[PDB]
Protein chains: 2
Amino acid sequence: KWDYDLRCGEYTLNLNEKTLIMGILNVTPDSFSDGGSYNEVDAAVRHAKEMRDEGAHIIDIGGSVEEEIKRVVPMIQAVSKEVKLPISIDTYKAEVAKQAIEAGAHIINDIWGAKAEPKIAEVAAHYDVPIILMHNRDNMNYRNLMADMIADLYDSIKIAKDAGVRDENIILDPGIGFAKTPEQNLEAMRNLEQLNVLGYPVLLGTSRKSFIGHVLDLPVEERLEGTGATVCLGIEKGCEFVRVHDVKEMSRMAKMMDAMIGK
Amino acid sequence: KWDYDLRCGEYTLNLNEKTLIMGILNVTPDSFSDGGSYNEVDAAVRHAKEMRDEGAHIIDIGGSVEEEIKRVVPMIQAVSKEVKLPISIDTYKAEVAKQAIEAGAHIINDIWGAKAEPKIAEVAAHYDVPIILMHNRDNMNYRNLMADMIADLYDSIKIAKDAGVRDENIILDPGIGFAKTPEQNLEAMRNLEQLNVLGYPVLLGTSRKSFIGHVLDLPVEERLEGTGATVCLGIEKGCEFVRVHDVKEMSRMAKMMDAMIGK
Ligand SMILES: C[C@@H](C(=O)O)c1nn(C)c2nc(N)[nH]c(=O)c2c1=O
Ligand SMILES: C[C@@H](C(=O)O)c1nn(C)c2nc(N)[nH]c(=O)c2c1=O
């Protein structure tokens, strides 16, 4: 089904053999620090190593602009040195993205899908890295949620391609939890397979999100079973990646899903 | 979609509003006992109460023939008195089934789908209780797994209907883990929605099963995440019931699944 691999500088991710697990990295800043402190970088590296050991395939690291660079750059440097897995930088700023790849990051993760700072697509085209274009918007007025999300995502693909991003470095995301009501999130979940017609790999980010809380009536740290349900549903509907906190568990559910669906 | 309710003497189960959770009851026999001892019946009732509290909708209780009655009858009596949920008796013997309904059981659960002791269908027709007809057989020679399972299940429906069982008291089960190789179990999982053409509610029993172990390479008590995956996949493919050990967790995944699929 995918006739290519995700090329990430030194690592390659096969899109066909398994669902890929992107581990969300814990970034508790040191009060008194600008970024760089031993306690924060060390907790970061230990956390990344643990996620590596539990089955993560990518480490996702996130961090005003000059400040964000100071915080996140030391962490990319430490983690990429010490953990042999691709890193995605979770930013929507072209400057931070530039810096982060410079510092060692392999993939851009833009929660604004190149709409906040279109220049980030150029950053991306230039370093030749995968970019994740998440569905987002500044309002919730949908004529038809799914059709609009697809229009919107498609507007991001336009910006990316126009700045020179190759199709093989585009990954899309429904942006669950963004610019959507709780019932809209469930509906996007129900209809996720429609994103496939666009022809790109899809990443799902639902981990611990509020709509799970809304359904189960359970606080943030009681949402492991409902995150699991969203991951399973997402894999059944053809997503290639899941972005999760609870790597050990989700990574087991993914692998069981993969065996059943024949991935 | 279902234009009836499951009628279970004093309780009614709606097939449309949620996936129904059948709790597997722990039956550690008292050495020195025939059946009836305080320790075993009490651990049984406490376990049933706990499962009731975690979201179970049915308690499934299972227990040579005169011995099986002695063991299981005291437990049905205690649990039905003390826990206000339907009970299914897990047996394939017409005599045990008779006794168990007499003792208080509401539903028959036959892992042989009325083929071991066809008389059980008559027991069922007579007391007017739901009967679960599980796919099983004494060999694994499949021309075409799915088509054969459906033939086989259909042979059980014949035996049930011929003994006077009304359509509304038939529930079917793929019998995952029975008479199937590990790859056959995954294939039945992959194709579960085909059982729907038969027109009956479907119950899935995959909890902690060996094929999950085979996939994840994890022992019996490390299979919660992979059980979860099978439950989610089963709900997505239209099952009405799941038979599970880990009621608290599975019951949360079910409920999240239900909200996403719009049940
Ligand atoms: C808001 C935050 C969270 O984990 O709650 C979040 N952050 N980021 C960076 C994300 N990135 C991508 N691609 N998808 C996402 O769903 C997503 C998120 O949901
Ligand atoms: C073998 C045992 C187990 O839990 O491992 C089992 N017992 N019973 C009574 C079952 N009944 C129905 N209906 N379905 C089942 O899948 C099933 C089972 O898998």
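Keep in mind that the numbers below use all heavy atoms, side chains included, and drop hydrogens, waters and symmetry copies. Below, read A as the first sequence line, B as the second, and so on, with proteins coming before strands; counting in each chain starts at 1.
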**Request:** Please test B:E236 against B:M257 for side-chain contact (heavy atoms from CB on, under 4.5 Å), starting from the C-alpha separation and ending with a verdict.
**Result:** CA-CA 7 Å; B:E236 213 271 339; B:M257 280 309 302; 4.1 Å; yes
**Request:** Select, from A:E187, A:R190, A:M189, the one with the greatest count of heavy-atom pairs under 4.5 Å involving chain B.
**Result:** A:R190
**Asked** What are the two closest heavy atoms between B:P86 and B:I107, and how far apart are they?
**Response** CB-CD1, 4.2 Å
**Fill in**
Greatest number of non-hydrogen atom pairs under 4.5 angstrom with chain B, of A:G228, A:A229, A:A188, falls to A:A229
**Complete:** Honestly, the part of B:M253 sitting under 4.5 Å from a heavy atom of chain A is both
**Prompt:** Are B:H106 and B:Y11 near enough that their ring centres are under 6.0 Å apart?
**Reply:** yes
**Prompt:** Is any side-chain N of the basic residue among B:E240 and B:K1 closer than 4.0 Å to the acidic one's carboxylate O?
**Reply:** yes
**Message:** Under 4.5 Å from any heavy atom of chain A, what part of B:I235 do you find: side chain, backbone, both or neither?
**Reply:** neither
**Prompt:** Does a side chain donor of either B:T12 or B:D5 reach within less than 3.5 Å of an acceptor in the other side chain?
**Reply:** no
**Toward chain B, the part of A:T227 with a non-hydrogen atom under 4.5 Å** = neither
**Asked** Among B:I261, B:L224, B:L233, B:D258, which residue forms the greatest number of heavy-atom pairs with chain A at distances under 4.5 Å?
**Response** B:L233
**Asked** Which region of B:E183, side chain (C-beta onward) or backbone (N, CA, C, O), has a non-hydrogen atom less than 4.5 Å from a non-hydrogen atom of chain A, or is it both or neither?
**Response** neither
**Request:** Against chain A, label B:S251 side chain, backbone, both or neither, depending on which of its atoms sit under 4.5 Å from a heavy atom there.
**Result:** neither
**Request:** Decide, yes or no, whether a salt bridge links B:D246 with B:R208 under the criterion of side-chain N to carboxylate O below 4.0 Å.
**Result:** yes
